[PDB]
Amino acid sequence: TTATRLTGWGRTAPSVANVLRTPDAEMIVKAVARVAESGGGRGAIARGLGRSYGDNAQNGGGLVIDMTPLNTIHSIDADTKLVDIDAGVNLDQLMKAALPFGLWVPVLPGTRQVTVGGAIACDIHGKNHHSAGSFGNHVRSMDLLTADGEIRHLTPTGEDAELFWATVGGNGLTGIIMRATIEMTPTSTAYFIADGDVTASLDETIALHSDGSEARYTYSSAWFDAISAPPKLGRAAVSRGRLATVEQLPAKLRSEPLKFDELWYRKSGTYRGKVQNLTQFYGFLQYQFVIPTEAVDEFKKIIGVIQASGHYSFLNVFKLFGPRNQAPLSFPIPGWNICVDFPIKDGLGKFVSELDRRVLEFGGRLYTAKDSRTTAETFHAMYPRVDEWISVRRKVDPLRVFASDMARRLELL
């Protein structure tokens, strides 16, 4: 092991600890058990490609097990739609291996450079959340390495269904996911057909997302404005699409269907049925929150608060979430989700602390993947069933040999 201080993706909150990089499966197993004996000291935390901005992947003075050397793809079946992978395999890797089977990764985030281990541990969501939900909805079985040195085979139903949905979005505190089986989405091509729309106000963006035209597309998101003053505030560049069928694909592309390789602003944004690949279709404080669908006025308010703030975010992603899964600590809930990132300035930390209160007041929540600064008080209140979740954690890990900086910060230990 090499003693390395580790930060999030946004180069924040360094945590000096040991990095255990090994492809060997049983060398990992021993490290944990040989740690559990001594007792939860600093404990240990699994780490993927470190794409979450938070201190969820960092341990301070403890052990940080790197999962990336354990990246075996065991089997891909095209008939059963099943994929059996080690937790250390990434999505870019998996997406490339699945296409020759005519299979697509069920949930894709922004960057594909995320591991399966980290994908479940955050219960990550994508552009098709309104149609497919989060990543945990597609996990069929996990092989979790618990605290006592044993490995438990978990599933959505039956035994360990309680521990399963705890690991889904459990930020790696329940254990170390070693091996996962994923349900895949079948596909005829590796392309998308998209409909482009440009709104001129927040009211348009909301109406467009609520008039039921969303039921026409599987994938959808919106590049929106949070700087411009009302009524220009909230105006969005919407990108809504669907997986392309072999028939829909232009004459040249059909040959290799599964291969991988202010007026001006409005008209360029507006189009219909346009065929485009995955790449085309897809210092600073990153901030993400969701607000329940029925609380639309309160949402209109937060955007205005952001507008008047004196803080100017330009990278602004807008999304309407679909139904939630049954995971206690899953971030997504049916509502208006938006991410913003601000430039670090004076009074930012206190302003976002007011957005915490404001978001909490309307029954929404923040995403653990992007959080490094919300309090334990705010987090716990944002997540009902957090107590339920903790009572499960004490059964599986009663020594606190699984602990990250976040778990200490949010008192989830």
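From 1 onward, residues are counted along the sequence shown. We call the rigid core the largest set of C-alpha positions that still match within 1.5 Å between the two forms.
Comparing 263-271 with 164-172 in 8 other deposited structures of this protein, after superposition on the rigid core, the stretch with the greater RMS C-alpha deviation is 263-271.
In this entry, no coordinate-free residues of the deposited sequence separate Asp79 from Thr80.
Unmodelled residues of the deposited sequence between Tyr282 and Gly283: 10 or more. Look at the C-alpha B-factors of 93-101 and of 228-236. On average they run higher in 228-236. Mean C-alpha B-factor is higher over 148-156 than over the other stretch, the pair under comparison being 208-216 and 148-156. Highest CA B-factor among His130, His125, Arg266, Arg112, as stated in the entry: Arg266. The residue among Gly349, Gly48, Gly60, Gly364 whose C-alpha atom has the highest B-factor in the PDB entry is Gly60. In the deposited entry, the Cα temperature factor of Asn316 places it in the middle third of its chain's modelled residues. Placement of the Cα temperature factor of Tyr191 within the chain: middle third of the modelled residues, per the deposited record. When all modelled residues of the chain are sorted by CA temperature factor, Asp261 is found within the highest third. When all modelled residues of the chain are sorted by CA temperature factor, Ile176 is found within the middle third. Sort the chain's modelled residues by C-alpha temperature factor and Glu162 lands in the highest third, per the entry.
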